[PDB]
């Protein structure tokens, strides 16, 4: 009926040009710039060369095959209702997931209209609010979402929910665990949840870098986040400049596999033994920045005596560290000597912070160990800093464009970063208003995402901190309880998505909670029929961002990661065009909520008479875009390449701190009140506290926590091979990083093209199994061969996997990505082995420490064997 039209949209894997014909998406590709209309790129002159980026964007694997997710046959077809669920009769809570228990998920549901589906949910909402109150309505989406600022959870979800209920299951700082509950007490950066700023580090590195230590860092795979493969050419530049690359990772990750000069594979939970041995070496050889430390460190003298083994009687030698980690002493020492004498940047994690190492039982000490090392070498001075090569791009930090974390249309000043700047631009206190929540606040009621099962099945819980406690260093130390004083226990659960079985900890418990009789109603508002969805009573079909109108900037999260668009080679702002009509009977989340708003008699207040496109234009006008083009011109062009800002002065991350002067970067902290004359870190002393004053106060107040000492020390990882009694039964150390070929659950399964990738899933007799990498020596010892179906197990459950024999792991260590989207129990749900590949069924649900209420997934002890075909219904 027509011709092919090139449209624009984006995703968690990068912006894309979308070719559409007769209402069908033909292909999705990376973006080519048009030098006739797109501003020129930045240039960096360094060491005799001129570096400039490619005139194009790039995309991740899961975005390249994203079309198969849009047209997935596992896409939720239309509103669905659990057959065995009768709102006015037998609710049969015990039959939730029954289909799943008989390996026939779909048969559990019957089709129903949107009108009846919403009427049922509304009846439940009103009954529960008048009997127990809005707090009895539990709800939570999850960490990630389809790209698009207006439709993002911080925007649409919150705007509606804040007007309806509700008790939020606030998210634990998953991404930051170690840095958040640990590093924060040592150097602050609460507004970044423990991670360091990264401004203008690319040029500094190109000019001065001689070596980079990638610790728990796989920039290629992770890209920092949302940045496709934008940084690949930057490391190519560094490599060609003669910069050595050393990788310390239990698994020889993908970046290491490509450009490693040397690889270390430490046993799980033993990284801080290496950091301590490197420090010991610098102290014994006087090979560190004493002047720097004398001015910017607190409690270093006491810490030094600990590292030297004076106070505990155990000198932290490279030999001592070899016995702990399996990494050769000589190599540990050689790296220490090279690090000291060369301009070395510490690439802790793939973002400049983060790192799977941070969300493990040794997460706190790893994070502090990284800060300790980078501190000793004078981070901030030319040629020395914490930089993971993914950020620091010279983009125009002065141009303002909101990241999704800034709240969009919700204006929620407490649950989004709208309070920093966006809220003031987006709303006028005259014609458009925000949607605040008087429940999702400290004085209200929320529960930990990591402990939803315990709250539902146990009816009670007590913990530390509320979600992302980035307000100040001590906010995470605040004590909470469930149910909160005066509030009601959960009666209803409104789920947005359903990934927890593959993304949380010891996940069989998330399956178990659904059948508890205390749970009167479970609604699932999702896109694909997978994971947790087959446990709901009512299912509502949402659509992908390719089927609705939105707007966004390449990788721009902002909020707890201020100006993270610096992960890309260019700032690309694009219109997310509605490329096709919603698939099947699905609709945008906003339209779903608008329908509910109408039936809840709050339509006007919720929508303000605006549709998604209307909100997009208003969003557009609240940014700096109008300085370059009107909405109409932008809508027409489809995307905008922010011009370079050649003349702005460069402010390298932490240099101001290194030089003892006033903070001068564009960072969102430290707040003026957390500094004396705006100098120093957010910490009390304004220095790097090896003995954290905040924690020392906490422990002196009576909150004794052995696994989170005020002084950064070698706390043996509670789930490691030589320190846990569990190692007797489960001798193998397993780490489970983020999936290479999927943005967490968004890519895997769904009958997507990604499932055909060799290193993602292995087909065995018709079923594509999740992969677990095993060192040849451990495979051989178990009679396991490449391609065999194996059973990974421990006290928490069993998971069937396809074995991949490799040399990319130190013997005794196994590797299997997390975030599996497929939950496929071989027996009763939550009580049998899963063959979908939900490795998180095996990870420890114990908090990192008594008060550090974060997930410790990457240190899990397991045992594996060839699968005998049994279903193992023993959990």
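Residue numbers count along the first chain shown, from 1.
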| property | result |
| --- | --- |
| Stretch with the greater mean C-alpha B-factor as recorded in the entry, comparing 729-737 against 103-111 | 103-111 |
| 424-432 versus 375-383 - greater average Cα B-factor per the deposited record | 424-432 |
| Residue of maximum C-alpha B factor among 28, 848, 808, 820, per deposited coordinates | 28 |
| Selection by C-alpha B-factor (highest) of 464, 126, 673, 198 | 126 |
| Chain third (lowest, middle, highest) by recorded CA B-factor, residue given as residue 843 | lowest |
| Lowest, middle or highest third - CA B-factor, residue 860 | lowest |
| Third of chain Cα B-factors occupied by residue 596 | highest |
| Chain-wide C-alpha B factor ranking for residue 48, given as lowest, middle or highest third | highest |
| Relative C-alpha B-factor of residue 546, binned into the chain's lowest, middle or highest third | middle |
